[PDB]
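# Coordinate analysis (summary)
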Protein chains: 2
Amino acid sequence: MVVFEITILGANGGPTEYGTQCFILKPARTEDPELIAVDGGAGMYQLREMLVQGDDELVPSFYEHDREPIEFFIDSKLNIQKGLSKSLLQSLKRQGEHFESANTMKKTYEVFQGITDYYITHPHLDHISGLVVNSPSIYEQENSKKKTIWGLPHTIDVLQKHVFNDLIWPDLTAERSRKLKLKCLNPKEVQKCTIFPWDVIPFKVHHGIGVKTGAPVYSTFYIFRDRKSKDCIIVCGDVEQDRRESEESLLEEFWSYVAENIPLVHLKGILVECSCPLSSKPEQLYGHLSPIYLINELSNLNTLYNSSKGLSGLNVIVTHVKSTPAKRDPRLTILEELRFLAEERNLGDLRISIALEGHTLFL
Amino acid sequence: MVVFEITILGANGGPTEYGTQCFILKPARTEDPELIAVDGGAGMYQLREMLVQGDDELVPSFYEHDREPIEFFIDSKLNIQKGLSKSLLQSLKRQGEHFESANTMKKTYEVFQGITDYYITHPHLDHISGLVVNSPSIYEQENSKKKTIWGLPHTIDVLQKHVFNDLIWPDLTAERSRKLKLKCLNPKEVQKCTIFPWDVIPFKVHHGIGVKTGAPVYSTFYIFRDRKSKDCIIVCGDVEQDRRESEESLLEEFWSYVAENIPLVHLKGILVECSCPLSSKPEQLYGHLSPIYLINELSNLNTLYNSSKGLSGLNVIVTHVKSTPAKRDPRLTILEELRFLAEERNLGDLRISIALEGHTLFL
Ligand SMILES: Nc1nc2c(ncn2[C@@H]2O[C@H](COP(=O)(O)O)[C@@H](O)[C@H]2O)c(=O)[nH]1
Ligand SMILES: Nc1nc2c(ncn2[C@@H]2O[C@H](COP(=O)(O)O)[C@@H](O)[C@H]2O)c(=O)[nH]1
Ligand SMILES: [Zn+2]
Ligand SMILES: [Zn+2]
Ligand SMILES: [Zn+2]
Ligand SMILES: [Zn+2]
């Protein structure tokens, strides 16, 4: 049944600067070294942590307790494991003694060499910091695996002009060996992944407005579809509800596409933000979702699928929760609020979990 | 004797993406909440870690061992402590019960509110990622402490155009409350710190060339001088030896200024990179120092001071060491190489230590 393995490298919405958004994807069970990244916040450093840290599991929190029981954050039916998957690790264990004798740093370089395609949702620094700082690793070997950064134009153009520009970062895309490449995707078009037998389908969404410019700020949702099984996951960039009359209904377009083309039984998960709780201070919420807005969007999807069973069986994996100087971990507050609102909206057997760094989901 | 407390938030040169360059400065012993940052890599997240982690101390390594004895990395005479200093923590402990009842996240916000001036050496992403991602914290309170980002023009112009531009990051400098400001410094000019009774004196240095543009890439060295004691520390951005005939001798200008204006006994420390070991693969070394180049620069300073005692008593704190897929921790390799070369060059009782994240130096 399981088709996808999703490694949560980073699910932090800020403002603390580590463990920001990055998810690694690979097919379930298989042992190729190749990996896809969605976004580019947490990277090599987090892979290294996961190698080292590899029951009554406790996860970091820093609110009521510095560590909290893992089960508090997840749906009881979620297929989740701490650390990197057996199949991901097997690519290192292909060489018995070599694996054993490689130190943690060396193992980190080896795993990371396999992360060869990034799908970037938007170029805000929290979504690209690891991609950028990690990038010189591409030059460690002459027989190097080359990396490609994919995105919609609002993303790629910004990376070219503002990041890989010899000012913010050396312009590694200008190196003649082309070991780092930037490539554009067309919105709404079924495009192919480079190694895995998957389709990638990107959609533009809204993510607030410029402070100085007042210009709409865009983001991306990615659909990944396994062609054999027809199973799909949706992995989202930062997003807000479309602004009533001033903006195109990009989210409605997205949900309509999903309901038309992907039967619910084939939708194995959606990784989507809920940055803020209901108490929502305006400044932190700009360009983002709170529980009422996320539930409203899921309700729209529900209406489109048009089943008396609602969204029964759908796994919603909540990402990008922000820190706040609150008494209680906002991930717990948000999870409770989402579950309450989902019940109130009769969305059925919807399974809501918070994305937890340092874990792999099997969907 | 001790005048400065230096909190090492980040001393990692990359390519792993966490704990990159950031040092917090304050006067020794005093308990004001105000703090200066030099650079802006590791920030809130690291402050939080230091709050939580607060003998046979072991520090992270990830080479021969995942953790190594602290003493291996430092000169035996170095005044160093794990965690935040008593005086830094006292600003939180001014309120007895409030401190106790504040969770770790809340304490992090409180300490971080005091970090109100950053002195940025150059705008490479590893030197600004925490500054940027942490910046929305400024909006948590209406009676907010405002933050100022200082730098030479090569730094400030790039931050304005390429970072705080509603593309890479919301342009928080355009918010009317001006809670985040960018301010330029003039090179070679004695300027005043905002709260501490210190002079700040910035100098431009070289840091390689653009990959695409071939343009010189600039960085900054900062001198901080306590006006009362006349004691100084030097805190450096990334740097390479000046390129023979193609470039101005910016480093010679710097050492000449130091030797003319700061007696060695008043020079309490220099925090300066040695990104790479002697084995130096060309690609990783570009724009940086290796032990022979760092020792050559210190030799130039030695010649200028012109004492038979060499640089006896000088604390050299080595920063920005890069990871490498080597068998041994490059910080250990580099420390050994620097000490050997210093002896070979008869630099005297030079005290060399590696900067270690999560520690405070008292100089
Ligand atoms: N005060 C204020 N903060 C903003 C504004 N626009 C964006 N931000 C902040 O910029 C940050 C961008 O990162 P993101 O939230 O998209 O992950 C957000 O945390 C948000 O709080 C704004 O217009 N005013
Ligand atoms: N291959 C290659 N890497 C470069 C070049 N210029 C800079 N870099 C890399 O860009 C990174 C910039 O961060 P920094 O090293 O300044 O902390 C460095 O790690 C360096 O390895 C270059 O011309 N060629
Ligand atoms: Zn974000
Ligand atoms: Zn964003
Ligand atoms: Zn650097
Ligand atoms: Zn640099």
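Everything discussed here concerns the structure shown above.
These lines cover the structure that appears in this document, whether it is placed above or below. (Residues numbered from 1 in each chain as written, not as in the entry; some residues may be left out. Chains lettered and ligands numbered in written order. Heavy atoms only, no water.)

## Notes on the overall build of chain A
The secondary structure content of chain A amounts to 10 helices and 17 strands. The C-alpha atoms of chain A give 20 Å as radius of gyration, which agrees with the globular expectation for 363 residues (21 Å, within 12%). Taking all 363 residues of chain A together, 64% fall into the buried category. Per element, the accessible surface of chain A, about 14400 Å² overall, is 48% carbon and sulfur. Averaging the coordinates of the 40 positive side-chain charges in chain A and doing the same for the 49 negative ones gives two points 5 Å apart. (Helix = DSSP H or I, 4+ residues; strand = E, 2+ residues; numbered from the N terminus. Rg over C-alpha atoms; globule rule 2.2 N^0.38 Å. Buried < 20%, exposed > 50% of the residue type's maximum accessible area, 1.4 Å probe, protein only. Areas by Shrake-Rupley, 256 points an atom, 1.4 Å probe, with all protein chains shown as cover. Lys, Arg positive; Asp, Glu negative; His and termini not counted. Charge placed at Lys NZ, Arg CZ, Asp CG, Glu CD.)

## Considerations on the coordination of the zinc ion (ligand 6)
Residues and elements named next belong to chain B. Taken together, the protein ligands of the zinc ion (ligand 6) are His 122 (NE2), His 124 (ND1), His 207 (NE2) and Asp 238 (OD), with distances of 2.1 to 2.2 Å. One chain supplies every donor for the zinc ion (ligand 6), spaced along it as H-x1-H-x82-H-x30-D. Judged by its relative accessible area of 2%, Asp 238 is buried. (Donors = N, O, S within 2.8 Å, 3.2 Å for Na, K, Ca; no water.)

## A word on the interface of chain A and chain B
The partner chain B presents 63 residues to the 63 residues of chain A that form the contact. It is A:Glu17, A:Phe62 and A:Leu125 that lose the most area in chain A upon contact with chain B, and together they represent 14% of the buried surface on that side. Linking chain A with chain B are 2 salt bridges. Note that A:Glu140 and B:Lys281 form a salt bridge whose closest N and O atoms lie 3.6 Å from each other. Joining chain A to chain B, the criterion identifies 33 residue pairs in polar contact. For the side of chain A that touches chain B, the elements supplying multiple residues, two or more each, are α1 (44-53), α4 (104-113), α5 (129-134), α6 (153-163) and α8 (282-285) of chain A. (Contact = heavy atoms within 4.5 Å. Buried area = accessible area lost by both parts, 1.4 Å probe. Salt bridge = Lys/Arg side-chain N within 4 Å of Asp/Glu carboxyl O. Polar contact = N/O pair within 3.5 Å; in protein donor to acceptor, adjacent residues only side chain to side chain.)

## A few points about empty space enclosed by the protein
The computed volume of the largest cavity comes to approximately 150 Å³. Lining the largest cavity are 19 residues, with A:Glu17, A:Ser129, B:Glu17, B:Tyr18 and B:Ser129 sitting closest to its centre. Contributing elements (two or more residues each) for the lining of the largest cavity: α5 of chain A together with α5 (129-134) of chain B. Here the residues of the lining of the largest cavity sort into 8 nonpolar, 8 polar and 3 charged. (1 Å grid on protein atoms, 1.4 Å probe; cavity = no way out; pocket = protein on both sides within 12 Å on 5 of 7 lines; lining within 4 Å. Points joined across faces, edges and corners; volume = space filled by probe spheres on them. Nonpolar A, V, L, I, M, F, W, Y, C, P; charged D, E, K, R; others polar.)

## Some points on the site of ligand 1
Residues and elements named next belong to chain A. Taken together, the neighbourhood of ligand 1 is formed by 16 residues, with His 207, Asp 238, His 288, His 320 and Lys 322 sitting nearest. Note that an oxygen atom of ligand 1 is positioned 3.3 Å from one of the side-chain N or O atoms of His 124. Its free accessible area being 490 Å², ligand 1 has 90% of it covered by the protein chains. (Near = heavy atom within 4 Å.)

## Topic: the sheet that holds strand β7 (residues 115-119) of chain B
Residues and elements named next belong to chain B. Strands sit in the order β6-β17-β1-β2-β3-β7-β8-β9 across an open sheet of 8 strands; the sheet is mixed. Each edge of the sheet is formed by a strand with only one pairing partner; in this case those strands are β6 (80-82) and β9 (180-184). The average undirected angle you get between the axes of adjacent strands in this sheet is 25 degrees. Sheet topology places strand β2 (residues 22-27) next to strand β3 (residues 35-38); 3 bridges connect them, and they run antiparallel. Its bridge partner lying in β3, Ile 24 is registered against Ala 37. The sheet strands contacting helix α4 (residues 104-113) are β3, β7 and β8 (147-151), and the helix crosses β7 at an angle near 60 degrees. Here helix α6 (residues 153-163) sits on the sheet in contact with β8 and β9, set at roughly 145 degrees to β9. (Pairing = 2+ DSSP bridges. Axes fitted to C-alpha atoms, helices over the stretch in contact; angles between N-to-C directions.)

## A short note on the coordination of the zinc ion (ligand 3)
Between any two of four tetrahedral donors, the ideal angle at the metal is 109.5 degrees; between two of six octahedral donors, it is 90 or 180 degrees. Only A:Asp126 (OD), A:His127 (NE2), A:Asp238 (OD) and A:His320 (NE2) from the protein reach the zinc ion (ligand 3) as donors, at distances of 2.1 Å. When the donor residues of the zinc ion (ligand 3) are listed from N- to C-terminus, their spacing reads D-H-x110-D-x81-H.

## Structural notes on the sheet that holds strand β17 (residues 359-362) of chain A
Residue and element names in this part refer to chain A. What the 8 strands build is an open sheet, ordered β6-β17-β1-β2-β3-β7-β8-β9; its pairing is mixed. The open sheet has two edge strands, β6 (80-82) and β9 (180-184), and neither has a second partner. Neighbour-to-neighbour, the strand axes of the sheet open up by a mean angle of 25 degrees, direction not taken into account. Bridge count for strand β1 (residues 4-10) against strand β2 (residues 22-27) is 6 bridges, and the pairing is antiparallel. Bridging across to β2, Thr 7 finds its partner in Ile 24. Where α4 meets the sheet, its contacts fall on β3 (35-38), β7 (115-119) and β8 (147-151), and the angle it forms with β7 comes to roughly 60 degrees. Running at roughly 145 degrees to β9, α6 makes contact with β8 and β9 of the sheet.

## Concerning the environment of B:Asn302
All names here are of chain B. Here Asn 302 is to be found in helix α9 (residues 291-305). A residue is classified by how much of its surface remains accessible, and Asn 302, at 13% relative accessible area, is buried. Each C-alpha atom, one on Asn 302 and one on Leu 264, is 9.7 Å from the other, the two residues being 38 residues apart in sequence. With residues near it in sequence (within four places) discarded, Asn 302 still touches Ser 307, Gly 310, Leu 311, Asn 346 and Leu 347.

## Considering the packing of α1(A) against α4(A)
When two helices pack together, their arrangement is captured by the angle between the axes and the distance separating the axes. All names here are of chain A. For the pair α1 and α4, the least separation of the axes is 9 Å and the interaxial angle reads 125 degrees. In this view, α1 runs oblique relative to α4, as classed from their interaxial angle. In terms of crossing hand, the pair formed by α1 and α4 is right-handed. In this structure, α1 uses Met 44, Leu 47, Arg 48, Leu 51 and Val 52 to contact α4, whose residues at the interface are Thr 104, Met 105, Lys 107, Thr 108, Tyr 109, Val 111 and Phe 112. Grouping the amino acids of the contact of α1 with α4 by side-chain chemistry returns 8 nonpolar, 2 polar and 2 charged. (Parallel < 35°, antiparallel > 145°, perpendicular 65-115°, else oblique. Left-handed = near helix turned anticlockwise from the far one by under 90°.)

## Some details on the side chain of B:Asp238
Residue and element names in this part refer to chain B. Here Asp 238 shows up in the loop between β13 (232-236) and α7 (250-261). In this structure, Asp 238 is buried with no salt-bridge partner, the nearest side chain bearing the opposite charge being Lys 322 at 6.2 Å. At a separation of 3.1 Å, a polar atom in the side chain of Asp 238 contacts the side chain of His 122. There is a polar contact of 3.2 Å between the side chain of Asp 238 and the side chain of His 207.

## Re the site of ligand 2
Taken together, 16 residues are adjacent to ligand 2, and B:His207, B:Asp238, B:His288, B:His320 and B:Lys322 come closest. Per-site note: the chains with residues close to ligand 2 are chains A and B. Within the side chain of B:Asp126, one N or O atom sits 3.1 Å away from an oxygen atom of ligand 2. Between ligand 2 and B:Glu283 there is a distance of 3.4 Å, counted from an oxygen atom to a backbone nitrogen or oxygen. Calculation on ligand 2 without its partners gives an accessible area of 490 Å², and the protein chains cover 90% of this total.

Everything listed here is a matter of coordinates, which is why it stays silent on function.
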